[PDB]
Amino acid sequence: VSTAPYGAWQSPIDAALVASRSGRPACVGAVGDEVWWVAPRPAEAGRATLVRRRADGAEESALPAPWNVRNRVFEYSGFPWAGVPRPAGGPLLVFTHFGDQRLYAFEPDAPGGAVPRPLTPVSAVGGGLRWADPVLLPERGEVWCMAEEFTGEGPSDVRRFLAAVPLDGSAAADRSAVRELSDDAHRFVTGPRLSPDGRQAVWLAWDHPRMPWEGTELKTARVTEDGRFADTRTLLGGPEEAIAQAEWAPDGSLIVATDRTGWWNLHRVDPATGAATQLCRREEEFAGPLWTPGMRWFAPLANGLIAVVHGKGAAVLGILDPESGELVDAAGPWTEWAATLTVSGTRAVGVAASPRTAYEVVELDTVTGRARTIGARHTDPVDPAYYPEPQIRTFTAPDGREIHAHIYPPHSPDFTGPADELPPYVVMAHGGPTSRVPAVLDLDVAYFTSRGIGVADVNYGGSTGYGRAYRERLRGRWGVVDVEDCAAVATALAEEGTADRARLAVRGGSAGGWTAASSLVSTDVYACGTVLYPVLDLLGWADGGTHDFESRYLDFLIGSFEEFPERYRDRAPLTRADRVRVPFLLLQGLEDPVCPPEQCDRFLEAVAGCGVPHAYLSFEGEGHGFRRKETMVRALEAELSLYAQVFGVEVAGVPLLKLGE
């Protein structure tokens, strides 16, 4: 061990490694005795593939490049695939290919191998046709899902509805061959979920200016013999009751996750009257913000038990016995489970991670209570001694409010810093803002901590996982609550003597980019900041400047334009861009439909000539969030260079970022 300036420590974790290990298994699902999920392939043009895990442990990608398993529904991508086992010929699968947004069918065990065949037609009107949250119904020769069909050129010139697509491919070039199960009365809808007897279907629906975590309605309809929906009606829910998920149990009962008690809790619902009964009342979340159709936090098992990812703050998979109310959680090293789940037999399969291991596909068996890794088994790319030791902390703000955060002090088995110095700290604001960041192994974090730079990840007011009230703290306060909560954690660390007050950076992407930019504009706490694909121009964003799903998100975040037009100008970072007095780095994807690059262009124009050192790096072929390995490498090394230059520390191995006023 040797002494070296904080930020200058030699680390075995390079940006290429971080990019290579980025992402996680997602949208897990059982298919007969197999388990499938979507996995990232950053080195393969940033595509996502389908991984097939066989009963004997065989685990391989089922689709070669350039097939890309992702869609643009809600511009965040709804559950992109479905599969069913068959007596012969192997399983039948369907997936949405990102390149053309079409739904494809394929049979992995067909002689010759997987050969995707298109099932849906395309459109040149606006954003065309998109599909997601499918359910395969081989008996009807169809796949049922929800669809987006643009009717104009505007971001909100789109209709959504539940559809039935023929599996024989007869609709591949015939829009009329697609059956509309529901009408388009609701702007936003999720895929259908059919009762065991196949006579009743449910789905979630909502409209502007509400986000689903504000409120949603659970729609229902009788499924006729010939596959049509009859007597559609609202079963339960409303503009202030957030129903995040609805599922049919194998016994025919209906279960939903609703936050009527102030927390998302599971309730059994009378399929006719809509009356709900609590199954496990707790001050813990059993669901989360529904950003895309198809998310699953709970899953009913054939034996009557219910698998549930739940918790206040960190969420973990557990098994609930709805008759006794007893809940038993998985053990093992995993401390955080993602919002994806599936069941098979007596087993529940999810995706989880720990501070020492990346997300893996984990199985929990109700018979033994045993949890084990069954996919994407984590191997350490470097000695785990180079990973930071997270400190889950709750800070107390001036008025006594609690602010939840994850602190990652600098950490290395080879270095320690100068006794007369303190480490710089990077304060991170997660995206959303209606979401939460978990405390698990993240090489993006370790990238900095292993070099001697601390990290503070703040789950500021408005974050999820802590009840509707905590989530609602941000309503009408965006630009204030998120900014002040993050700064409170920052100055607290400095005051406590664990972080260098003069070397604090703020960073974040999307909503987090707004928070970072807002922090540099409205406070003078930070020495510099890194802003990724942010919201900077509110007037522009509100004036057809973003995708449909978030086109009225500002109503929640800062108030309606009708009631508070002044905030749209007053709180926009763009408005006071000239108040930024420290260096910053702006990163942007040129194909971003959530935060158009115009946001950055206008901001850069507003700061020109102010004499503030800065840099801008945009990337062709990248949308909202970077997916290509080469992009991430350049973005991460650029961020580190900014910090190296501002914090006054020599950091080679990383190209010197050209900062210009």
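Residue numbers run from 1 along the displayed sequence.
A.B. asks: So, looking at the entry's B-factor column for Cα atoms, which has the higher mean, 585 to 593 or 225 to 233?
C.D. replies: Stretch with the greater average CA B-factor: 225 to 233.
A.B. asks: Mind pulling up the entry and telling me whether 142 to 150 or 419 to 427 has the higher mean Cα temperature factor?
C.D. replies: That would be 419 to 427.
A.B. asks: Among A572, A302, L364, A505, single out the one with the highest C-alpha B factor in the record, please.
C.D. replies: Highest CA B-factor of the listed options: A572.
A.B. asks: Looking at the C-alpha B-factor values in the deposited entry, which of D482, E336, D157, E566 comes out highest?
C.D. replies: Highest C-alpha B-factor among the listed options: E566.
A.B. asks: Thinking about Cα B factors across the chain, which third does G46 belong to?
C.D. replies: For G46, the deposited C-alpha B-factor lands in the lowest third.
A.B. asks: Tell me, lowest, middle or highest third: where does the Cα B factor of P134 rank within its chain?
C.D. replies: CA B-factor rank for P134: middle third.
A.B. asks: Sort the modelled residues of this chain by their C-alpha B factor and say whether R451 lands in the lowest, middle or highest third.
C.D. replies: For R451, whose C-alpha B-factor we compare with every modelled residue in the chain, the answer is the lowest third.
A.B. asks: Compared with the other modelled residues in the chain, in which third is the CA B-factor of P12?
C.D. replies: According to the entry, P12 has a C-alpha B-factor in the chain's middle third.
A.B. asks: Looking at the entry's B-factor column for C-alpha atoms only, identify whether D33 ranks in the lowest, middle or highest third of its chain.
C.D. replies: Middle third by C-alpha B-factor.
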